[PDB]
Every structure is written in structure tokens, then in C-alpha cells.
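Q: Below: one structure in C-alpha cells.
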Amino acid sequence: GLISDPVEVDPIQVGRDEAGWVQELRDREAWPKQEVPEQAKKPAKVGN
Amino acid sequence: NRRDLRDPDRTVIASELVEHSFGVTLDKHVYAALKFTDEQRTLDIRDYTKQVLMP
Amino acid sequence: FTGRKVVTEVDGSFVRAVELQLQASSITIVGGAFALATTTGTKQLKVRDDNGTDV
């Protein structure tokens with residue numbers, strides 16, 4: 001739109017989030033230890 | 001797979017090989033940002049390398 | 001082509017080999033307290049004895 005306008009969401013970022021391979025981890029300073037996020041234990045894709 | 005010897009049937013169980021994959025991505029932007037007014041840049045700072053860049 | 005045999009004595013006793021097993025005194029479910037991801041979510045449980053084996 002305009003140069004001064006706020007930055008639009010990146011389509012690359014949207015696609016990367018959709019693929020769901022960004023790494024999320026348990027918090028270091030949470031007691032008791034947090035559960036494993038559902039992303040960290042997903043299985044490998046069946047097709048290369 | 002294994003089958004009995006001299007079996008009357010001769011069917012053979014095919015084994016298909018499967019290749020898996022996973023993604024590696026850049027996701028963080030680690031930075032350190034400093035700001036100095038002209039008053040701080042002129043008077044307070046006496047050696048830029050040893051007071052700003054190294055820390 | 002493969003074939004195998006276990007050599008037993010003339011009376012059917014097997015004495016050429018000896019089997020050893022670790023004693024298990026107590027078992028504990030891995031992970032301790034846990035919660036499911038959603039209402040309908042499922043997860044495979046695992047339990048280990050005091051020897052660390054997967055029973």
C-alpha cells in the first residue's frame with residue numbers, strides 16, 4: 001500500500017508456520033517441568 | 001520375510017522401502033541494539049571500541 | 001535357505017545352555033503425572049521397572 005504503512009505479514013513466514021517445522025521447546029524456568037509440546041514429537045513426513 | 005521350504009504355494013511378500021524427511025528452518029533473529037543521545041555520544045563516551053562495541 | 005536346531009539330551013532335557021534374568025522389585029510409569037493434548041487426544045503409555053527395562 002504505502003511505504004509508511006506497517007509491515008504486512010510475510011507469506012514466507014505464513015508458509016513456514018503452516019509447514020510446522022519451527023522449533024518450540026519447554027521453558028527453562030517453569031516448575032514443574034512443562035510437558036513436551038505437540039510439535040516436538042511429531043513424526044517425520046512419509047514422503048521426501 | 002521368511003517362508004516354509006517346499007511350500008505348495010509360491011506367493012512372495014513384497015517389501016517396499018520408504019524414505020522419510022524432516023525440516024530445518026531459521027526462526028530467530030538475535031540482536032543487540034543501543035541508542036545514544038548527542039549529549040551521551042559527545043561527553044559520556046570516551047572510547048567507542050572499549051565502551052560500546054566490546055560490551 | 002536356513003535351518004536351525006536346539007540340541008537336547010536323550011531324555012529331552014536341555015542342559016547345554018542356561019538362561020539368566022534380572023530381578024524386578026518395583027515398576028514405575030515413565031513421565032510421572034501427565035496430561036493429554038486435547039479432550040480426544042490419545043497417547044501411548046510406557047512403564048519401566050527399577051532396572052530401567054521397558055516392560
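To be explicit about the labels: the chains of the C-alpha cells are called A, B, and onward in the order shown, and within each one the residues are counted from 1, while ligands get numbers from 1 in the order they are shown.
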Could you go through chain C and tell me which residues DSSP, when run on the backbone, assigns to strand (DSSP E), listing them as a list in words?

A: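 Matching residues for strand (DSSP E) in chain C are residues 27, 28, 29, 47, 48 and 49 of chain C.
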
Q: Write out, as a tab-separated table, each residue of chain B that has an atom at most 9 Å from chain A, together with the closest pair of atoms and their distance in Å to one decimal, counting only C-alpha atoms, rows going by chain and rising number.

A:
residue	atom	partner	partner_atom	distance
B:18	CA	A:46	CA	7.2
B:19	CA	A:47	CA	6.3
B:20	CA	A:46	CA	4.8
B:21	CA	A:45	CA	5.3
B:22	CA	A:44	CA	5.5
B:23	CA	A:21	CA	5.6
B:24	CA	A:21	CA	6.8
B:25	CA	A:22	CA	6.2
B:26	CA	A:22	CA	7.8
B:27	CA	A:22	CA	6.6

Q: Using only C-alpha atoms, select each residue of chain A with any atom at most 12 Å away from an atom of chain C, and give the selection as a ChimeraX atom specification.

A: /A:32-39,41

Q: Save out the residues we just selected, N, CA and C atoms, as a PDB file, in the first residue's frame.

A:
ATOM      1  N   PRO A  32       6.493 -27.202  37.879  1.00  0.00           N
ATOM      2  CA  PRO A  32       7.272 -28.379  37.466  1.00  0.00           C
ATOM      3  C   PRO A  32       7.604 -28.347  35.980  1.00  0.00           C
ATOM      4  N   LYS A  33       8.448 -29.258  35.500  1.00  0.00           N
ATOM      5  CA  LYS A  33       8.857 -29.239  34.102  1.00  0.00           C
ATOM      6  C   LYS A  33       7.649 -29.365  33.186  1.00  0.00           C
ATOM      7  N   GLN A  34       7.606 -28.518  32.163  1.00  0.00           N
ATOM      8  CA  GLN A  34       6.468 -28.470  31.263  1.00  0.00           C
ATOM      9  C   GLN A  34       6.381 -29.744  30.433  1.00  0.00           C
ATOM     10  N   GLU A  35       5.185 -30.008  29.921  1.00  0.00           N
ATOM     11  CA  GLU A  35       5.004 -31.147  29.039  1.00  0.00           C
ATOM     12  C   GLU A  35       5.617 -30.868  27.673  1.00  0.00           C
ATOM     13  N   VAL A  36       5.914 -31.942  26.957  1.00  0.00           N
ATOM     14  CA  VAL A  36       6.508 -31.813  25.623  1.00  0.00           C
ATOM     15  C   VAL A  36       5.486 -31.195  24.677  1.00  0.00           C
ATOM     16  N   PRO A  37       5.821 -30.112  23.979  1.00  0.00           N
ATOM     17  CA  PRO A  37       4.879 -29.539  23.014  1.00  0.00           C
ATOM     18  C   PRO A  37       4.583 -30.527  21.898  1.00  0.00           C
ATOM     19  N   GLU A  38       3.361 -30.447  21.370  1.00  0.00           N
ATOM     20  CA  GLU A  38       2.922 -31.417  20.374  1.00  0.00           C
ATOM     21  C   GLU A  38       3.769 -31.373  19.112  1.00  0.00           C
ATOM     22  N   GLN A  39       4.432 -30.249  18.843  1.00  0.00           N
ATOM     23  CA  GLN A  39       5.242 -30.142  17.637  1.00  0.00           C
ATOM     24  C   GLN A  39       6.546 -30.915  17.774  1.00  0.00           C
ATOM     25  N   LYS A  41       7.271 -33.697  19.093  1.00  0.00           N
ATOM     26  CA  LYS A  41       7.196 -35.149  18.999  1.00  0.00           C
ATOM     27  C   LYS A  41       6.426 -35.614  17.768  1.00  0.00           C
TER      28      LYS A  41
END

Q: Hey, which bits of chain B sit within 12 Å of chain C, and for each residue what's the closest pair of atoms and how far apart in Å (one decimal), counting only C-alpha atoms, rows by chain and increasing number, as CSV?

A:
residue,atom,partner,partner_atom,distance
B:2,CA,C:1,CA,9.4
B:3,CA,C:1,CA,9.6
B:4,CA,C:1,CA,9.4
B:5,CA,C:1,CA,7.7
B:6,CA,C:1,CA,10.8

Q: By how many Å are atom CA of residue 28 of chain C and atom CA of residue 43 of chain C apart?

A: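 Separation between atom CA of residue 28 of chain C and atom CA of residue 43 of chain C: 17.1 Å.
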
Q: Can you tell me, as a list in words, what residues are no more than 12 Å from segment 46-54 of chain B when counting only C-alpha atoms, ignoring any on the same chain fewer than 6 positions away?

A: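 Once the adjacent positions are removed, what remains is residues 32, 33, 34, 35, 36 and 40 of chain B.
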
Q: Between atom CA of residue 42 of chain C and atom CA of residue 27 of chain C, what is the spacing in Å?

A: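 Computing the Euclidean distance for atom CA of residue 27 of chain C and atom CA of residue 42 of chain C yields 22.5 Å.
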
Q: Excluding same-chain residues fewer than 5 positions from residue 29 of chain C, what lies within 10 Å of it counting only C-alpha atoms, as a list in words?

A: residues 45, 46, 47, 48, 49 and 55 of chain C

Q: Take the residues from that selection and put them in a file with N, CA and C atoms, as an mmCIF file, in the first residue's frame.

A:
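So the final result, stored in part-v7.cif, reads:
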data_model
loop_
_atom_site.group_PDB
_atom_site.id
_atom_site.type_symbol
_atom_site.label_atom_id
_atom_site.label_comp_id
_atom_site.auth_asym_id
_atom_site.auth_seq_id
_atom_site.Cartn_x
_atom_site.Cartn_y
_atom_site.Cartn_z
ATOM 1 N N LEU C 45 1.367 -45.268 26.423
ATOM 2 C CA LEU C 45 1.998 -45.244 27.730
ATOM 3 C C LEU C 45 3.228 -46.150 27.745
ATOM 4 N N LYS C 46 4.103 -45.917 28.721
ATOM 5 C CA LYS C 46 5.312 -46.712 28.877
ATOM 6 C C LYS C 46 5.627 -46.839 30.360
ATOM 7 N N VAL C 47 6.085 -48.019 30.767
ATOM 8 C CA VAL C 47 6.389 -48.307 32.162
ATOM 9 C C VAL C 47 7.752 -48.981 32.243
ATOM 10 N N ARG C 48 8.556 -48.571 33.221
ATOM 11 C CA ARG C 48 9.897 -49.098 33.419
ATOM 12 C C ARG C 48 10.035 -49.605 34.845
ATOM 13 N N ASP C 49 10.685 -50.749 35.012
ATOM 14 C CA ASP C 49 10.923 -51.270 36.351
ATOM 15 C C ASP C 49 12.140 -50.570 36.949
ATOM 16 N N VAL C 55 9.112 -52.627 30.246
ATOM 17 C CA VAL C 55 8.207 -53.742 30.476
ATOM 18 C C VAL C 55 6.775 -53.379 30.096
#

Q: What is the distance, in Å and to one decimal place, between atom CA of residue 12 of chain A and atom CA of residue 24 of chain A?

A: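 Calculated distance between atom CA of residue 12 of chain A and atom CA of residue 24 of chain A is 18.5 Å.
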
Q: Please report, as a short mmCIF file (atom, residue, chain, number, x, y, z; two decimals) with N, CA, C and O atoms, in the first residue's frame, each residue of chain A to which DSSP assigns helix (DSSP H, G or I) when run on this structure's backbone.

A:
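Dumped everything to part-v9.cif:
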data_model
loop_
_atom_site.label_atom_id
_atom_site.label_comp_id
_atom_site.auth_asym_id
_atom_site.auth_seq_id
_atom_site.Cartn_x
_atom_site.Cartn_y
_atom_site.Cartn_z
N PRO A 11 4.40 -13.72 3.62
CA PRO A 11 3.90 -15.00 3.10
C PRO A 11 4.87 -16.15 3.32
O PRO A 11 4.43 -17.28 3.54
N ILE A 12 6.18 -15.88 3.29
CA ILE A 12 7.15 -16.93 3.61
C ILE A 12 6.97 -17.39 5.04
O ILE A 12 7.01 -18.59 5.34
N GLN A 13 6.77 -16.45 5.96
CA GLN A 13 6.53 -16.81 7.36
C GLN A 13 5.24 -17.59 7.52
O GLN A 13 5.17 -18.55 8.29
N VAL A 14 4.19 -17.20 6.78
CA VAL A 14 2.92 -17.92 6.86
C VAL A 14 3.09 -19.35 6.39
O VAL A 14 2.63 -20.30 7.04
N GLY A 15 3.78 -19.54 5.26
CA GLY A 15 4.01 -20.88 4.76
C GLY A 15 4.89 -21.71 5.68
O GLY A 15 4.66 -22.91 5.87
N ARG A 16 5.91 -21.08 6.28
CA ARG A 16 6.78 -21.79 7.20
C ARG A 16 6.03 -22.24 8.44
O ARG A 16 6.23 -23.35 8.93
N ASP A 17 5.15 -21.38 8.97
CA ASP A 17 4.31 -21.78 10.09
C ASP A 17 3.35 -22.90 9.69
O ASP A 17 3.10 -23.82 10.47
N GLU A 18 2.81 -22.83 8.47
CA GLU A 18 1.91 -23.88 8.01
C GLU A 18 2.63 -25.22 7.92
O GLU A 18 2.07 -26.26 8.29
N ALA A 19 3.86 -25.23 7.41
CA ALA A 19 4.63 -26.46 7.36
C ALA A 19 4.90 -27.01 8.75
O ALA A 19 5.06 -28.22 8.93
#
